[PDB]
């Protein structure tokens, strides 16, 4: 008999998915790491050479965390002493290695505790952030030029984001943007002076006698937000003037009237920059297109070039307004926007004309614009077979919009329905990354003729290994609720027999624009639960879910904790109606937003669920951050949406937890969903006399991702689900 996919298989990563992570260095070459050696590959022929031998830094004296080769290939940035901060941020030490001289640079070194470092996009200039101020080095061995003097820990951030902008706006720590040829350095400045601090204990190693109090400027819903300013400095003037001026570009009057955000920065040309601003009430955004005026040395944003993007049914964008993709001359751009039917499609704009032209349309959505050449625009969409959970690459002819080719749809239609892509520098080549429903498959292609050059990684070693394992299967389908198709997936036990009654675990995210029903192949906890424990692990995309139009996505506008919660309960009732589910053994679990939904479901009094697990849940919207929460909820004021903020807490449903078995889990150093959130749930349960199971994770954050805590949490949850389902 074949073994199953066990909990230890998952926790020890016995069955490893092979990747093919390349780094394009030009229009025809990429870097790839093979046995710690950095190899340079010719895309056209597949032949390689050792770019940098694995032995090069044996006598360095520090474990190198990562590297970054300068665009001109003259230098290599070596990252070490990596200390993680939030989701994207960290600090590190850096050394620069001169590739020509084959020597490490020992003078004018990047300082220790550097927050961010980036090469210019051409050549080898560097911009870095140290002690919240920006510095620029024209040459790696030469002194830096200081750009800002206002940087102050927890107060003024120059060229780096504060907590909320990193997490919710930019999805990056960096707040600097070099112009295409590196002449200008644009940057944002955040002022957190009046932003309140979240404070929590950090216990550290057992040697630490007194716990440390971590204090982070974090605006919770309705609190004082950081303010922002935007500047542009001419780096070519640094060696000629004592103190080069940072020219401010002010937000438009329509934004200055109240609280707002800087939400996008995109250079159009060497002398033209676009900026998108978003009002704190996130249903109104403004794009400014600003040109360098050589005579005044100023940046001017013509009102004739200003573009408004607004929503009457919800917020702007999926999580924020989309980025524009400028044509080479910078006189026009493409941008994903919601059409009149509420479907996200590519619109083509002239910079000084307000009405745009849609180049795509249909009851499906464009996911992202991937590359733009003088003749073609390349994008990813879920158009294929009307499957919102699938992803394919398309090519549209710019001189004829009726000419749309699907580049990936038919490559391996059984194995591959979810693609991502990586284009070379001027889009001459593209790597396709298939992530499911079969094993991930990485292929290289030439853009000149769309021909498949070679298979880079097919995961054949893993396929051989899995043949000896009783693997679960995955069913992806839909149910029709009120004449609308709603997609679901099920991880089915091996030898799934529809005449048998199986226990069911509902795996929930269900946040706005979430998608849990897709074609991706995963080896995770659900793989184990279905394979070894014979549990069906189901997920459902209800109202509020993404990639299916605004009528679905905006259904939860101003009403989080309503339809998306009700639709999970309804999904479980629909799954019971299918005949292969034991109705006495239905459980629900989720993390973060999934934890909030799990808890809301468990407190609903539905009687559908026996048990559930909430990991790092939100419990009350006033505890979560301003940017994310207010996007869907508006402000927690009597004049706005306070009544709904108060009506959608987990705590108010405490009495209903008497009907279920609940497991509540949270990391004590969670800077994102504060431990406070679960501390308030537990107190409300204790207050009504509800028994439940709990687990805190000392010094773990939102990811509970340290090697030991990851194994501990999944082991603890596995025992809980098994006990709930009477499984030995």
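For clarity, a rigid core is taken as the largest C-alpha set superposing within 1.5 Å between two forms. Numbering follows the first chain given and starts at 1.
Looking at 157 to 165 and 292 to 300, the one farther from the shown form in 7 other deposited structures of this protein by average CA distance, after a rigid core fit, turns out to be 292 to 300. Core-fitted comparison in 7 other deposited structures of this protein shows that, between 242 to 250 and 192 to 200, the CA atoms farther from the shown form belong to 242 to 250.
Of the two stretches examined, 710 to 718 and 16 to 24, the record assigns the greater average C-alpha temperature factor to 16 to 24.
Stretches 686 to 694 and 37 to 45 differ in mean C-alpha B factor, with the higher average recorded for 37 to 45. Across 157, 430, 509, 575, the entry's maximum B-factor at the CA atom is seen for 575.
Comparing C-alpha B-factors across 378, 478, 333, 261 in the deposited entry, the largest value falls on 478.
In the PDB entry, a CA B factor belonging to the highest third of its chain's modelled residues is recorded for residue 94. In the PDB entry, a CA B factor belonging to the highest third of its chain's modelled residues is recorded for residue 570. The deposited CA B-factor of residue 651 belongs to the lowest third of values across its chain. Residue 31 sits in the highest third of its chain by CA B factor, as recorded in the PDB entry. In the PDB entry, residue 496 places in the highest third of its chain by CA B-factor.
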